[PDB]
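Participant:
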Amino acid sequence: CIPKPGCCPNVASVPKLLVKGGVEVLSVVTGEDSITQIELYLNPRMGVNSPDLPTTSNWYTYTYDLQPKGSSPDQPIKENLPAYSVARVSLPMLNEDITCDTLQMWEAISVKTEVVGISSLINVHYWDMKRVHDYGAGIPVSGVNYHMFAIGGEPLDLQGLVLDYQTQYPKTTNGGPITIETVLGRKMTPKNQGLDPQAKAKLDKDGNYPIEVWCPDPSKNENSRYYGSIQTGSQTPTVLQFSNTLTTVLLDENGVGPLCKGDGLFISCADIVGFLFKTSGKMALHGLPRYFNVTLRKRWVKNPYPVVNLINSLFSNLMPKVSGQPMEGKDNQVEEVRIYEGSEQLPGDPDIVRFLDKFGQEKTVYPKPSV
Amino acid sequence: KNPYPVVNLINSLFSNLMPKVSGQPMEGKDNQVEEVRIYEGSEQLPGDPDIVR
Amino acid sequence: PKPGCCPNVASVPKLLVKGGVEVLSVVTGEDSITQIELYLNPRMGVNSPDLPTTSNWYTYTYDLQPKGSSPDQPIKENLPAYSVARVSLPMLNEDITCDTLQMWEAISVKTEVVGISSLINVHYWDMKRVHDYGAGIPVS
Amino acid sequence: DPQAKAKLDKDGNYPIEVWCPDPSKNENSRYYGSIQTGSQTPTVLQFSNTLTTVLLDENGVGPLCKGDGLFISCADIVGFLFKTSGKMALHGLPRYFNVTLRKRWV
Amino acid sequence: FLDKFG
Amino acid sequence: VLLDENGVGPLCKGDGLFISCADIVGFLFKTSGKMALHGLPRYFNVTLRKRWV
Ligand SMILES: [Ca+2]
Ligand SMILES: [Ca+2]
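Which chain is which? The protein sequence lines are A, B, C, D, E and F, in order. Take the first sequence: its position 192, counted from the start at 1, is 209 in the entry's author numbering, and no numbers get skipped. Take the second sequence: its position 41, counted from the start at 1, is 359 in the entry's author numbering, and no numbers get skipped. Take the third sequence: its position 95, counted from the start at 1, is 114 in the entry's author numbering, and no numbers get skipped. Take the fourth sequence: its position 39, counted from the start at 1, is 251 in the entry's author numbering, and no numbers get skipped. Take the fifth sequence: its position 3, counted from the start at 1, is 374 in the entry's author numbering, and no numbers get skipped. Take the sixth sequence: its position 5, counted from the start at 1, is 270 in the entry's author numbering, and no numbers get skipped.
1. Just the C-alpha distance for residue 30(C) and residue 22(C), rounded to the nearest angstrom, thanks.
2. Is it the case that the CB of residue 241(D) approaches a heavy atom of ligand 2 more closely than 7 Å?
3. Below 7 Å, is the gap between the Cβ of residue 236(A) and the nearest heavy atom of ligand 1?
4. With DSSP as the reference, identify every bridge partner of residue 177(A), one or two as the case may be.
5. Just curious, the beta strand (DSSP E) that residue 353(B) is in, first and last residue?
6. Who are the neighbours of residue 326(B) on chain E, taking C-beta pairs under 9 Å?
7. Taking the straight line between their C-alpha atoms, what separation do you get for residue 248(A) and residue 279(A)?
8. What in chain E is Cβ-close to residue 330(B), meaning under 7 Å?
9. To the nearest angstrom, report how far apart residue 86(C) and residue 56(C) are at their CA atoms.
10. In three-state terms, what does DSSP make of residue 262(D)?
11. Taking the alpha helix (DSSP H) that residue 199(A) falls in, what are its first and last residues?
12. Which value, in whole angstroms, describes the spacing of the CA atoms of residue 214(D) and residue 109(C)?
13. In this structure, does DSSP put residue 96(A) in helix, strand or coil?
14. List the endpoints of the continuous beta strand (DSSP E) containing residue 257(D).
15. Would you kindly work out how many angstroms separate the C-alpha atoms of residue 267(F) and residue 276(F), rounded to a whole number?
16. In chain order, what residues of the same chain have a beta carbon less than 8 Å from the beta carbon of residue 74(A), not counting five sequence neighbours either side?
17. Given that residue 32(A) touches chain E, what residues does it touch there, using C-beta distances under 7 Å?
18. For the segment 82-111 of chain C, which residues have a CB atom closer than 9 Å to at least one CB atom of chain D, in sequence order?
19. May I ask which residues mark the beginning and end of the beta strand (DSSP E) holding residue 290(F)?
20. Assign residue 123(C) to buried or exposed, taking buried as 16 or more other Cβ atoms, counted over all protein chains shown, within 10 Å of its Cβ.
21. Helix, strand or coil: how does DSSP classify residue 309(F) here?
22. Is the Cβ of residue 344(B) closer than 8 Å to any Cβ of chain E?
23. Ordered along the chain, which non-local residues of its own chain (more than five positions away) have a Cβ less than 8 Å from that of residue 183(A)?
24. What did DSSP end up calling residue 139(A) once you bin it into helix, strand or coil?
25. Within its chain, find whatever has a CB closer than 6 Å to the CB of residue 52(A); leave out the 5 residues flanking it on each side and keep chain order.
26. Which residues in the same chain have their Cβ closer than 8 Å to the Cβ of residue 143(A), if we skip the five residues on either side of it in sequence?
27. Evaluate contact between the segment 346-356 of chain A and the segment 203-220 of chain A, counting only Cβ atoms and requiring at least three cross-stretch pairs below 8 Å.
28. By the three-class DSSP mapping on this structure, what secondary structure does residue 279(A) have?
29. May I have the straight-line CA-CA distance separating residue 137(C) from residue 297(D), to the nearest angstrom?
30. Does residue 280(A) have its Cβ less than 8 Å from a Cβ in chain E?
31. Closer than 8 Å, Cβ to Cβ, to anything on chain I: give me those residues from the segment 40-52 of chain A, in chain order.
32. Could you check what DSSP says for residue 36(A) in three-state terms: helix, strand or coil?
33. Assuming contact is defined by CB atoms lying nearer than 8 Å, are residue 101(C) and residue 285(D) in contact in what I supplied?
34. Under the three-state reduction of DSSP, which class applies to residue 329(A): helix, strand or coil?
35. Taking all protein chains shown into account, decide if residue 219(D) is buried (16 or more other Cβ within 10 angstroms of its Cβ) or exposed.
36. Report whether the distance from the Cβ of residue 345(A) to the nearest heavy atom of ligand 1 is below 7 Å.
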């Protein structure tokens, strides 16, 4: 049975849609040629990081009043330290063909993102906004801007750089920001005003890595694609555009995107929109969330680490350790180690010494007077 | 039949291969995900793109 | 075995070694590709963090002012200068008698300014306010 | 003045107020530049690990490392630091470099 | 999900 | 590129090409409040060839 091709009109071939729903849907088993899109969002984290707090949630997506202290040193509080936002999406397991030593992982192709809530900035009538002049309207949200987002299969690799090492950031006490002092274990040295390779940290928590001190390390982030922007000014205007047609491609120069290690999609973003000028003259930053529509596909890969080496490397650590006399390292208790293979004609010197050159070829040592 | 891929399963034990973070709620009662779509193969074009089942 | 039975995976360049400057001593074949990730600190006249006293102003300059009377006698700390460096690369030719020699060629450079995210600090303890009771003036 | 030329010999000793890249003589090199004046004008910057810059010339050849050495030079001034007293001071930031190299026969 | 084994 | 729609550049008549330029960079705010313009030179690397006409 089949319909008449002439009697029946033809239509286009759009990609077939299997399912549309929430997070509980990713569990669906899909073929090797399937494609996944995830629409999600991240609220900003700028010191006031929770609306559930009964006392101080009036300033969610805001900071407390920013002021220079006036006397060294500086002691800023967490509520004045806006930090990056981050989240992880757990992806389902996939097949593997151990016979060919190849498995398959998720990769990201494209992300469709846009800053949400831009329309809310035209509110020039917040009851405490500083009038630009007498009998006038409010000073629109403007000034400093910082925008970045990062997509990768690993947590984003960061770099530490602070405008002044004299500042003393709050200590990490089971909560609170994490600063270079927390990573190194020492007070910040004036090297940190420049680039210090010692000051590096993976982005592991939300709202705990302030933007003032951390910046994306360009060296290590090879498995992540991050984009940035900034403008600094007293009351310079903020400009933003938005649409749902602009998409961004994440493939590299070699044709691969970020590979989700641990079947986890790592996302990080941060968007400052400007100041909130108050009648008191006091000032405070502000932010607003970000929209993400990451597209994912299935890519086959070859296991780089052969399983056998992992097995022994695993149980050895699990097996009870053995604290014997040192047999490796600086104080090894080993004197000679010889290695034989095959038969050769008898050489003259029985005290001969041979080794392998830096190029892997066989070499015979010519004896020399040891000083 | 072993339902679990061995390599993916064993790599979970290694830290650098399975990184974990304390990110925003993206799973459960407070999931910050609005929609998820799965595409496989091609079909004849449907009228409504926002199909309601 | 079983070539056709195995799935097909893409072909990417083969990573042969990864490490620090130590790697530059390593030789390699003719059709090789090397890639160097490095950095350079800014020399704003205050050019060393190790000095005892004046290092507090690293990556900065002393207070710039016009003298108000000719001539101008500026100190080095108000003269920001370029930042230069050279990296040593390994030799490529053991024989010179060969009609053709080979040298290192650079094709693409990936650059980025480090530490941009720090500029939002508008609360330096001595930073001038934009207005009374306001916040400090950002780096501009 | 053509007589006022020199080579970027050392670091922290060739001021920016005085020296500028001589366009005529920098043949085996590739340089890029930017500037903005203004007392309190905003500073804008962008960054990504996707922006690579091709160094090849119009004839299809890049810079050749004479003397088995790669020469790199950079300078980035970010802006002022308005102190409460009224004083003003410049500031700079480092740069990242990910040079890609190969072997050409000559 | 690998996260669920823990 | 100096070529026009017809793939023809400027023809150096009189066995010589002519160059003209002008670049101002801004004012010089003197302490007395007075002002004065300022300019910078230009480097030119004209590439040119022979054509039959
Ligand atoms: Ca790297
Ligand atoms: Ca020339």
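For each residue, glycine too, the CB sits at the ideal point set by N, CA and C.
Facilitator: In this structure, then:
1. Cα-Cα distance, rounded: 15 Å.
2. Distances from the CB of residue 241(D) to the heavy atoms of ligand 2 are all 7 Å or more.
3. In this structure, residue 236(A) has its CB closer than 7 Å to one or more heavy atoms of ligand 1.
4. For residue 177(A), which the question treats as bridged, DSSP gives the partners 231(A).
5. Counting along the chain, the beta strand (DSSP E) containing residue 353(B) begins and ends at 351-362.
6. Per Cβ cutoff of 9 Å: 373.
7. Rounded to whole angstroms, residue 248(A) to residue 279(A) spans 36 Å at the Cα level.
8. Near residue 330(B) (Cβ distances below 7 Å), the residues of chain E are 373 and 376.
9. For residue 86(C) and residue 56(C), the distance between alpha carbons rounds to 43 Å.
10. Residue 262(D) sits in coil when the DSSP states are folded into three classes, being neither helix nor strand.
11. From DSSP, the alpha helix (DSSP H) with residue 199(A) extends over 197-201.
12. Looking at the two C-alpha atoms, the distance is approximately 36 Å.
13. If DSSP states are grouped into helix, strand and coil, residue 96(A) belongs with the helices.
14. From DSSP, the beta strand (DSSP E) with residue 257(D) extends over 255-257.
15. Whole-angstrom Cα-Cα distance: 11 Å.
16. Apart from the 5 residues on each side of it in sequence, residue 74(A) sits with its Cβ closer than 8 Å to the Cβ of 65, 67 and 68 in its chain, given in chain order.
17. Going along chain E, no residue has its Cβ under 7 Å from residue 32(A), so there is no contact; the nearest lies around 26 Å.
18. Listed in sequence order: 82, 83, 84, 93, 95, 97, 98, 99, 100, 101, 102, 103, 104, 105, 106, 107, 108, 109, 110 and 111.
19. Counting along the chain, the beta strand (DSSP E) containing residue 290(F) begins and ends at 289-291.
20. Residue environment analysis places residue 123(C) among the buried positions, since at least 16 neighbouring C-beta atoms fall within 10 angstroms of its C-beta.
21. DSSP places residue 309(F) in coil when its eight states are reduced to three.
22. Chain E, which has no Cβ nearer than 8 Å to the Cβ of residue 344(B), makes this no.
23. So the list reads 89, 90 and 91, once near-sequence residues are dropped.
24. Note: residue 139(A) maps to helix in three-state DSSP.
25. Only 314 meet the Cβ criterion.
26. Cβ neighbours of residue 143(A) beyond the five flanking positions: 155 and 293.
27. Short answer: they don't touch.
28. In this structure, residue 279(A) counts as helix in the three-state DSSP scheme.
29. For residue 137(C) and residue 297(D), the gap between their C-alpha atoms comes out near 23 Å.
30. A Cβ of chain E is located within less than 8 Å of the beta carbon of residue 280(A).
31. In the displayed structure, chain I is absent; the protein chains listed are A, B, C, D, E and F.
32. Residue 36(A) sits in a strand when the DSSP states are folded into three classes.
33. Contact flag set, yes.
34. In the three-state reduction of the DSSP assignment, residue 329(A) falls in the helix class.
35. Answer is exposed; the Cβ neighbour count stays below 16.
36. A distance criterion of 7 Å places the beta-carbon of residue 345(A) beyond contact range of ligand 1, judged by its closest non-hydrogen atom.
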